[PDB]
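Notes follow once the structure below has been shown.
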Amino acid sequence: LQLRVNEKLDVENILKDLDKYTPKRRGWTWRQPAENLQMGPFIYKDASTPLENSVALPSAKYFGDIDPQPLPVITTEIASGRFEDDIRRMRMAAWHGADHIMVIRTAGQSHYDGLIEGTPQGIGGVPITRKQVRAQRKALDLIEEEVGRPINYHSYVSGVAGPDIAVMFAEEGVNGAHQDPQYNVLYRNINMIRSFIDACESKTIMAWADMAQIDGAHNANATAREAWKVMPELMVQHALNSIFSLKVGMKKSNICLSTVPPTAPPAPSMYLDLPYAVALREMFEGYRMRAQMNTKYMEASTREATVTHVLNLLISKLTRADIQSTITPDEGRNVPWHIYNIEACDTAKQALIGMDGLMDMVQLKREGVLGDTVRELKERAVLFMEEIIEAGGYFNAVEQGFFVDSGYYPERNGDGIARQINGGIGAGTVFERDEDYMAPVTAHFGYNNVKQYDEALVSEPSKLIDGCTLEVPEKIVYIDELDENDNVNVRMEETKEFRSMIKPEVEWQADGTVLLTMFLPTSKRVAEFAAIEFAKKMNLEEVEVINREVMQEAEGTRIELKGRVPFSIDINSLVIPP
Amino acid sequence: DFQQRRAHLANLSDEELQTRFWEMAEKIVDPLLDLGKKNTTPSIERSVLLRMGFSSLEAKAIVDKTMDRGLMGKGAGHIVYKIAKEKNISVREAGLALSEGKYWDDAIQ
Ligand SMILES: Cc1ncc(COP(=O)(O)O)c(/C=N\CC[C@H](N)C(=O)O)c1O
Ligand SMILES: C[C@H]1O[C@@H](n2cnc3c(N)ncnc32)[C@H](O)[C@@H]1O
């Protein structure tokens, strides 16, 4: 109910009555294959069902504004600190093809030993709480009826309170999440015994909710010197979490590998990343492939980011990818802006559509230099696995710095990340379950002595209480706000003003930022400082340079500048004809 | 180095090499899963409570207290179940009670 394609989202209204909101559906959705689809004068081989409302590609004007959609689910990542502004960037991405909206947790959420409540302002991410999650999921319910195709809300289930957020995600119909207890150990130095004992519960709750699970082996892609040498260990991090998730109870069809082509030009990156792509997909049949794009070998140039990304979409098309996430071309220039999340979608859609049917016409030379390396990577990984058993198990391997070592395994440099078994964040927080331990709720993993109270209820523990919150939502304690001055209602109040003036923004309403591109006939450093001046004179504030490119040392320099416009315009004093 | 190491796989077939990769993957995660079956932690205990109809704030206090009295092994949602039945109150009320510092001498039996 509501939503007119020409009226903005009433984010004031969406925020009301969040105490009575309920997710409209549960779990993951994929795209509907649309066989031999006919759009305009064309027939598509690898397309999915068309959107009912969307923004087609500029050049779709030469073809009746057709908007072909490829088969893979398409991710965009949007988390600015203010979930309330981002609900608008969501609507723009949705119109541009994104049906997987993924939200980054506010800095340090990994270390929150419990849920947080309400809506404080984030730092380099949204703080994930129930109100905020109910809010954004309520807005996506609207946005997905508008476009005419469901949208998977996604977030992160890490930290020393993974199990905590797993529940809340389960209750509030979050469709997908990251979950890989290796992330906690390697990157956040959470303690390994507690981290993995926690993931059992986390994952069970996630399997109950039918959620899709993305891992974090690709993380080792970044924090890594020469990324092509990390390929045996990727297979090892992908395998551990997968066989793990599998034996917990999670379905194989809901387990996604998070797989990024490790290189980018000027390396021969296709040649390097393709045997790996094939090796992985052969070794992990029946598991999902969530392709991500390159972030490590990125820089200040959007143009360059895009070209590397198209090659990334090319690795996916030559092989297989059930989800094709994207990265903004400006990722290395600044924090993603509305217009650049949209570029990411457009580009992902444009490339995939142009390669429609490509594999009816092209194929892999499966024997040759290709099959040899497919075979070698597989051997190297198996070797790595053999050594992790020899050293007597996963904890000992971690503690010996087996992981995050910059060596092309079996090669070991000794520069890997060693965590202590007995140390870390949350050491000494594991407790042995006793003989009479019990837990009266659905989706519990470990030893649960239920017989004692009723031998019949063994398989329905929550019936000891006539439903846990998973059966009885009205048992959910909803917190609204816990801070009177740091919350969404203050932030929205701050700028009533604007909702009949107007100004430019990149992330937050009326933030006044804009981008300036220029060419200067001098060397870079000077060119850069001369560049600031021009911007100042142009009345911009908080001016800073975000990209320099040498055209040629003496002849010239391209400079790019982000700056703030210190004034407003009025829509009512604009002379506009017909 | 790698050529020395790769000795015993060289004549393994693709099916054997794959089945071996997953065979060991399995043996590496098993001890992890067992650790998961026989033990518990605060976040797990808090999560059981959340499902049981407690707020994040209330859950913290119960598990924070459960740990003091050395009762984790029995289960925090269990402490709140046995005390509910024993004194004939609602699961909710007996969980509120406990959170506030009550029924703890009693729970110890
Ligand atoms: C497996 C996993 N768990 C949690 C987190 C982060 O969440 P906190 O820091 O709040 O725990 C990450 C982050 N890096 C992933 C990048 C992502 N795929 C993206 O495409 O940028 C992760 O990989
Ligand atoms: C700094 C932070 O402390 C939290 N917090 C938890 N309880 C309270 C409380 N009674 N009053 C104010 N903030 C509280 C918020 O979630 C907040 O943003």
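Ligands are numbered from 1 in the order shown, chains are lettered A, B, ... in the order of the structure tokens, and residues start at 1 in each chain.
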
Inset, instruction - When you get a sec, could you note down which chain B residues fall within 7 Å of chain A, using only C-alpha atoms, as number ranges by chain? - result: B: 2, 18, 21, 24-26, 28-29, 32, 35-44, 46-48, 51-56, 72-75, 77-78

Inset, instruction - List every residue of region 349-549 of chain A that DSSP, applied to the backbone of this structure, assigns to helix (DSSP H, G or I), and report them as a ChimeraX atom specification. - result: /A:349-354,358-361,369-390,394-399,457-459,461-464,473-475,488-494,524-537

Inset, instruction - Excluding residue 297 (chain A) and residues on its chain fewer than 3 positions from it, collect all residues at most 10 Å away from it, counting only C-alpha atoms, and give them as a list in words. - result: residues 222, 227, 262, 263, 264, 265, 294, 305, 308 and 332 of chain A

Would you export the selected residues with C-alpha atoms as a short mmCIF file (atom, residue, chain, number, x, y, z; two decimals), in the first residue's frame, please?
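Written out: selection_33.cif:
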data_model
loop_
_atom_site.label_atom_id
_atom_site.label_comp_id
_atom_site.auth_asym_id
_atom_site.auth_seq_id
_atom_site.Cartn_x
_atom_site.Cartn_y
_atom_site.Cartn_z
CA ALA A 222 43.13 -7.96 0.57
CA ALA A 227 47.12 -11.78 -3.98
CA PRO A 262 42.72 -12.03 -7.01
CA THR A 263 44.38 -9.86 -9.67
CA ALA A 264 43.98 -6.83 -11.89
CA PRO A 265 46.00 -5.36 -14.79
CA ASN A 294 38.31 -6.48 -6.91
CA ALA A 305 37.95 0.54 -11.47
CA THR A 308 38.91 -4.08 -14.03
CA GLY A 332 39.42 3.97 -3.62
#

6 Å from ligand 1 is the threshold here; counting only C-alpha atoms and all ligand atoms, which polymer residues fall inside it? Answer as a PDB file with N, CA and C atoms, in the first residue's frame.
ATOM      1  N   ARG A 105      28.059  -3.061   9.076  1.00  0.00           N
ATOM      2  CA  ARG A 105      27.963  -2.676  10.477  1.00  0.00           C
ATOM      3  C   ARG A 105      28.911  -1.517  10.871  1.00  0.00           C
ATOM      4  N   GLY A 108      33.512  -1.306  14.540  1.00  0.00           N
ATOM      5  CA  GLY A 108      33.667  -1.974  15.817  1.00  0.00           C
ATOM      6  C   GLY A 108      32.507  -2.831  16.313  1.00  0.00           C
ATOM      7  N   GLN A 109      31.432  -2.945  15.532  1.00  0.00           N
ATOM      8  CA  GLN A 109      30.308  -3.754  15.981  1.00  0.00           C
ATOM      9  C   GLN A 109      30.707  -5.181  16.324  1.00  0.00           C
ATOM     10  N   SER A 110      31.776  -5.667  15.700  1.00  0.00           N
ATOM     11  CA  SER A 110      32.296  -6.992  16.003  1.00  0.00           C
ATOM     12  C   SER A 110      32.531  -7.196  17.494  1.00  0.00           C
ATOM     13  N   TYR A 156      25.650  -8.520   8.495  1.00  0.00           N
ATOM     14  CA  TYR A 156      26.744  -9.339   9.002  1.00  0.00           C
ATOM     15  C   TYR A 156      26.397  -9.996  10.337  1.00  0.00           C
ATOM     16  N   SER A 158      28.781 -11.453  12.431  1.00  0.00           N
ATOM     17  CA  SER A 158      30.033 -11.759  13.127  1.00  0.00           C
ATOM     18  C   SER A 158      30.043 -11.263  14.571  1.00  0.00           C
ATOM     19  N   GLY A 159      31.243 -11.143  15.136  1.00  0.00           N
ATOM     20  CA  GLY A 159      31.439 -10.567  16.455  1.00  0.00           C
ATOM     21  C   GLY A 159      31.371 -11.549  17.610  1.00  0.00           C
ATOM     22  N   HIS A 178      26.622 -12.680   6.128  1.00  0.00           N
ATOM     23  CA  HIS A 178      27.946 -13.251   6.291  1.00  0.00           C
ATOM     24  C   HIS A 178      28.042 -14.043   7.586  1.00  0.00           C
ATOM     25  N   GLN A 179      28.681 -15.206   7.521  1.00  0.00           N
ATOM     26  CA  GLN A 179      28.895 -16.004   8.719  1.00  0.00           C
ATOM     27  C   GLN A 179      30.073 -16.927   8.492  1.00  0.00           C
ATOM     28  N   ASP A 180      31.210 -16.593   9.089  1.00  0.00           N
ATOM     29  CA  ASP A 180      32.421 -17.391   8.931  1.00  0.00           C
ATOM     30  C   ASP A 180      33.277 -17.171  10.151  1.00  0.00           C
ATOM     31  N   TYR A 183      36.610 -15.334  10.313  1.00  0.00           N
ATOM     32  CA  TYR A 183      36.749 -13.894  10.275  1.00  0.00           C
ATOM     33  C   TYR A 183      37.080 -13.359  11.667  1.00  0.00           C
ATOM     34  N   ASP A 215      30.603 -16.432   2.909  1.00  0.00           N
ATOM     35  CA  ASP A 215      31.753 -16.549   3.783  1.00  0.00           C
ATOM     36  C   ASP A 215      32.728 -15.399   3.596  1.00  0.00           C
ATOM     37  N   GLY A 216      33.842 -15.461   4.306  1.00  0.00           N
ATOM     38  CA  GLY A 216      34.820 -14.397   4.262  1.00  0.00           C
ATOM     39  C   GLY A 216      36.213 -14.925   4.070  1.00  0.00           C
ATOM     40  N   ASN A 219      38.426 -12.056   2.276  1.00  0.00           N
ATOM     41  CA  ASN A 219      39.147 -11.128   3.133  1.00  0.00           C
ATOM     42  C   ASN A 219      40.644 -11.334   3.038  1.00  0.00           C
TER      43      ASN A 219
END

Inset, instruction - Skip residue 337 (chain A) itself and residues of its chain fewer than 4 positions away, then list as a PyMOL selection string all residues within 7 Å of it, counting only C-alpha atoms. - result: chain A and resi 341+506-507

Could those residues be written to a file, using N, CA, C and O atoms, as a PDB file, in the first residue's frame?
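The result, written out as part.pdb:
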ATOM      1  N   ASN A 341      27.117   3.967  -6.410  1.00  0.00           N
ATOM      2  CA  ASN A 341      26.385   2.728  -6.249  1.00  0.00           C
ATOM      3  C   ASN A 341      25.586   2.445  -7.500  1.00  0.00           C
ATOM      4  O   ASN A 341      25.556   1.296  -7.980  1.00  0.00           O
ATOM      5  N   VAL A 506      25.974  13.867  -1.542  1.00  0.00           N
ATOM      6  CA  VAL A 506      26.570  12.613  -1.969  1.00  0.00           C
ATOM      7  C   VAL A 506      26.043  11.457  -1.130  1.00  0.00           C
ATOM      8  O   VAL A 506      25.620  10.448  -1.675  1.00  0.00           O
ATOM      9  N   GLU A 507      26.041  11.600   0.189  1.00  0.00           N
ATOM     10  CA  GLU A 507      25.449  10.559   1.026  1.00  0.00           C
ATOM     11  C   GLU A 507      24.239  11.035   1.833  1.00  0.00           C
ATOM     12  O   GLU A 507      23.163  10.438   1.763  1.00  0.00           O
TER      13      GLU A 507
END

Inset, instruction - All residues within 8 Å of ligand 2 are required, counting only C-alpha atoms and all ligand atoms; please report them as a list in words. - result: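 My answer, listing the contacting residues, is residues 116, 117, 118, 119, 120, 481, 482, 483, 484, 486 and 487 of chain A; 57 of chain B.
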
For the residues in the current selection, export N, CA and C atoms as a PDB file, in the first residue's frame.
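The result, stored in result-v2.pdb:
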ATOM      1  N   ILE A 116      22.795  -4.010  20.174  1.00  0.00           N
ATOM      2  CA  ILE A 116      22.550  -2.630  20.564  1.00  0.00           C
ATOM      3  C   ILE A 116      21.106  -2.318  20.206  1.00  0.00           C
ATOM      4  N   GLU A 117      20.570  -1.205  20.694  1.00  0.00           N
ATOM      5  CA  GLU A 117      19.168  -0.882  20.410  1.00  0.00           C
ATOM      6  C   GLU A 117      19.007   0.526  19.868  1.00  0.00           C
ATOM      7  N   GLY A 118      18.048   0.700  18.969  1.00  0.00           N
ATOM      8  CA  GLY A 118      17.684   2.040  18.568  1.00  0.00           C
ATOM      9  C   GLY A 118      18.471   2.482  17.366  1.00  0.00           C
ATOM     10  N   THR A 119      18.770   3.773  17.274  1.00  0.00           N
ATOM     11  CA  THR A 119      19.406   4.297  16.074  1.00  0.00           C
ATOM     12  C   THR A 119      20.480   5.354  16.308  1.00  0.00           C
ATOM     13  N   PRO A 120      21.607   4.984  16.924  1.00  0.00           N
ATOM     14  CA  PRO A 120      22.633   6.029  16.969  1.00  0.00           C
ATOM     15  C   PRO A 120      23.186   6.272  15.560  1.00  0.00           C
ATOM     16  N   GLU A 481      14.245   3.501  21.598  1.00  0.00           N
ATOM     17  CA  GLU A 481      15.462   4.297  21.696  1.00  0.00           C
ATOM     18  C   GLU A 481      16.046   4.201  23.095  1.00  0.00           C
ATOM     19  N   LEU A 482      17.362   4.329  23.195  1.00  0.00           N
ATOM     20  CA  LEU A 482      18.008   4.304  24.489  1.00  0.00           C
ATOM     21  C   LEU A 482      18.881   5.532  24.670  1.00  0.00           C
ATOM     22  N   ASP A 483      18.874   6.414  23.667  1.00  0.00           N
ATOM     23  CA  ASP A 483      19.594   7.694  23.715  1.00  0.00           C
ATOM     24  C   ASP A 483      18.629   8.802  23.274  1.00  0.00           C
ATOM     25  N   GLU A 484      18.520   9.851  24.068  1.00  0.00           N
ATOM     26  CA  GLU A 484      17.559  10.905  23.790  1.00  0.00           C
ATOM     27  C   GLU A 484      18.067  11.954  22.783  1.00  0.00           C
ATOM     28  N   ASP A 486      21.037  11.227  20.643  1.00  0.00           N
ATOM     29  CA  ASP A 486      21.643  10.560  19.494  1.00  0.00           C
ATOM     30  C   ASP A 486      20.679   9.527  18.953  1.00  0.00           C
ATOM     31  N   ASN A 487      19.764   9.952  18.093  1.00  0.00           N
ATOM     32  CA  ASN A 487      18.821   9.026  17.479  1.00  0.00           C
ATOM     33  C   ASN A 487      18.209   9.583  16.196  1.00  0.00           C
TER      34      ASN A 487
ATOM     35  N   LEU B  57      18.904  -6.171  27.176  1.00  0.00           N
ATOM     36  CA  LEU B  57      19.256  -5.613  28.493  1.00  0.00           C
ATOM     37  C   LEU B  57      19.009  -6.589  29.624  1.00  0.00           C
TER      38      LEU B  57
END

Inset, instruction - Would you kindly return, as a ChimeraX atom specification, each protein, DNA or RNA residue with an atom no farther than 10 Å from any atom of residue 37 (chain A), considering only C-alpha atoms and excluding same-chain residues fewer than 5 positions away? - result: /A:42-50,68
